[PDB]
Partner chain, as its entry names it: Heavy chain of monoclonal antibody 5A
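Next up is one chain by itself, shown in structure tokens, the form deposited without its partner chain.
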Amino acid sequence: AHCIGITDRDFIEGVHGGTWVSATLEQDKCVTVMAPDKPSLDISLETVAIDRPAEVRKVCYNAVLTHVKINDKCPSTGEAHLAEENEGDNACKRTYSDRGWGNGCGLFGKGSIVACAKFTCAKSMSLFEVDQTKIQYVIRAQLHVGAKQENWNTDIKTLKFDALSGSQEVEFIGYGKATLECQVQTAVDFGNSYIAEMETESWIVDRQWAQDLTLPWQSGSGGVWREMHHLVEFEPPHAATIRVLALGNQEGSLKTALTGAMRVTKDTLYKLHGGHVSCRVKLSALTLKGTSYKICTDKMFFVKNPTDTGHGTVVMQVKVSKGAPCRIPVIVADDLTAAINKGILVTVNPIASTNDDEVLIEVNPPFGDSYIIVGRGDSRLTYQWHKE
């Protein structure tokens, strides 16, 4: 809603005896529900969202190294010990260098040696929990009245459905109301999942995949980086010296590992670019408005000519300059002499309540050549339409 201007669009015809009409809603997609002698309803999934999710983990992908210290003990001088060893924020390794007269010591053998470095995470990625029950589903509902596009964001009602809310009503002024009974689907799209974010970007990731990452990880309480060795390289000892290096920035590798995953985007609250809702829509309480208005008899004009919507329908915008509250007669006939309407009106029972009102009409013309006729008398507007 409004489903014109949304490329992916489906139509569902309600039936005369029918009360409910079921429809599955996906994002970047919308549905127009129609019923005979009833206003058409535009329904669409606006956003899926999770507000205030809790941090489960952090994962470091860029780490700098500082303060490299080393302890070197000659053969038979015993095991080496660094003071900066049994600390927490340091990466340490135990090994044995080959030492002899060539480098200090008096014996030829294995001289114990220890190396430590200060570990600080330059850049990391946050892992939040995905509680499927906390997920809210926002749905746009808006009737097909003669509303200009510039007023579409002034007529749209929005409904939020938890993992389980009840039925919810949407009433429109003068048209009655609809009842939505939407069940959310958070299984194959909300199953094992973390919300993972780097800097500005976020994604939905497999929990097992996130936990199986070969990178240092935190708990958001204690700033103790676990499994640091994933980003620290210890070259074999020369004699006394041991070179300790930082591995590269893992931003790229992670981002390639993340291709395909559903995107997530914040705003002041996490927007989910996916998911779907299966819905049941009650239409019986919906009513047509202005069925007792007079007929707009004064000359009318096309503010916007009949143009192809791409959905197999055509839209035009008509100004009414003198008719008081009145209804606009719109048909699609195969001949200018026949008033036999062959077109299906999506904008059911057009209307003009104020003068200089620009009402939007949408019709579904028949296959073949035809004429769009709006109004009566010489005043009436006619437009040739050819549907292949």
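Numbering follows the first chain given and starts at 1. Take the two forms, superpose them, and find the largest set of C-alpha atoms that agree within 1.5 Å; that set is the rigid core.
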* Stretch with the greater mean C-alpha B-factor as recorded in the entry, comparing 337-345 against 35-43 -> 337-345
* Structure fact -> For 269-277 versus 183-191, entry-based mean Cα B-factors point to 183-191
* To do: Quick one: which of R207, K255, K93, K123 shows the highest Cα temperature factor in the PDB entry?
  => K93
* Asked: According to the deposited entry, which of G310, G104, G248, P216 has the largest Cα B-factor?
  -> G104
* To do: Divide the modelled residues of the chain into thirds by Cα B-factor and specify which third, lowest, middle or highest, holds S370.
  => lowest
* **Cα B factor band for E26 (lowest, middle or highest third within the chain)** => lowest
* Asked: Going by what the PDB entry lists, where does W225 fall on CA B-factor within its chain: lowest, middle or highest third?
  -> middle
* Hey, what third does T154 fall into on Cα B-factor, ranked over its chain? -> highest
* Report the third (lowest, middle or highest) to which the CA temperature factor of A83 belongs, ranking only the modelled residues of the same chain. => highest
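Missing here is the form solved in complex with its partner chain; even so, the following discussion is about that form.
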* Asked: in the deposited complex, does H144 have a heavy atom within 4.5 Å of its partner chain?
  -> no
* Asked: Contact between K69 and its partner chain in the deposited complex at 4.5 Å, heavy atoms?
  -> yes
* Does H229 make contact with its partner chain in the deposited complex, using a 4.5 Å heavy atom cut-off? -> no
* To do: Verify the contact flag for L65: yes if a non-hydrogen atom of it lies within 4.5 Å of a non-hydrogen atom of its partner chain in the deposited complex, no if not.
  => yes
* Asked: Looking at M300, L258, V244, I195, which is the one with a non-hydrogen atom within 4.5 Å of its partner chain in the deposited complex?
  -> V244
* Sole residue of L107, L245, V303, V224 shifting 2 angstroms or more in CA between the shown form and the other one, core aligned -> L107
* Asked: After superposition on the rigid core, does the Cα atom of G312 shift by at least 2 Å between the shown form and the other one?
  -> no
* **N153 C-alpha moves between the shown form and the other one by 2 Å or more, core aligned** => no
* To do: Using a rigid core alignment, state whether the CA of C74 is displaced by 2 Å or more between the shown form and the other one.
  => yes
* **Shift in CA distance, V130 and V188, in the deposited complex relative to the form shown here, given it is 3 Å or more** => closer
* So the Cα-Cα distance between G191 and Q218 shifts by 3 Å or more in the deposited complex; is it shorter or longer than what we see here? -> closer
